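Only one chain is shown below, in structure tokens, and it's the form deposited in one PDB entry.
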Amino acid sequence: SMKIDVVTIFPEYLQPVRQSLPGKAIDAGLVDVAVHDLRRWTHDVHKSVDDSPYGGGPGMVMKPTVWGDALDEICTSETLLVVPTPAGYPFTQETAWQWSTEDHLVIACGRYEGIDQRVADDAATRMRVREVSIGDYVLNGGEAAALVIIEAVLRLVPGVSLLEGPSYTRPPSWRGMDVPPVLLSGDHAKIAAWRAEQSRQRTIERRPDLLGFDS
């Protein structure tokens, strides 16, 4: 079993849904996903979680005090604390495999301007902390990135390179477009060869970096 806690000011957005990969995982008892409203650890009447940045700049920064209290209650020294951010280390397939063996993930969802950096630094003194980016784009907060991380990790939990080329299924002809004959041929070796070629051809066109080329 794995435990995933998600902490956010948008709990409804993160609520697990039965008809999904994580929903199935939960229903199969392979993971328990709990979502927590950050505002649960506020004290003021207006339940404030952010404040203007020191030193100036646009937007707001999430308060360290509120987060400090939330992670105190939720994390232990065994927790892997995940903090999605466009400024993070890259989250990759290797990361997903690694996190798929973790007992307890806690995902701190905050606006992209940041949680006050002292939260992560403080946490780092008692648990492992991973600030990570799921890609080279900006989201308003870590919520959608949390959903992506959960999806990528859970499909790897026991009991649940190059680009893959095109795939086909029935019928063999459709709207005047035919399935590549080799795929119909039953010749496993020629098919493996064809798919390896297609894969390399797609990779060089769409992701030349993966093959050690420019752009």
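Numbering starts at 1 and follows the sequence shown. Under this definition, the rigid core comprises the largest set of C-alpha atoms superposing within 1.5 Å between the forms.
We do not show the form deposited in another entry, though everything after this point is about it.
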| item | value |
| --- | --- |
| Moved residue between this form and the one not shown - picked from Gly55, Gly29, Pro171, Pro181, where its Cα shifts 2 angstroms or more relative to the rigid core | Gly29 |
| Large Cα move at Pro11 between this form and the one not shown, threshold 2 Å, rigid core | no |
| Did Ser20 shift 2 Å or more between this form and the one not shown, C-alpha, core superposed | yes |
| Outcome for the Cα pair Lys24, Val35 in the other entry, compared with this form (closer or farther; change of 3 Å or more) | farther |
| Direction of C-alpha distance change in the other entry, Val35 to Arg18 (at least 3 Å) | closer |
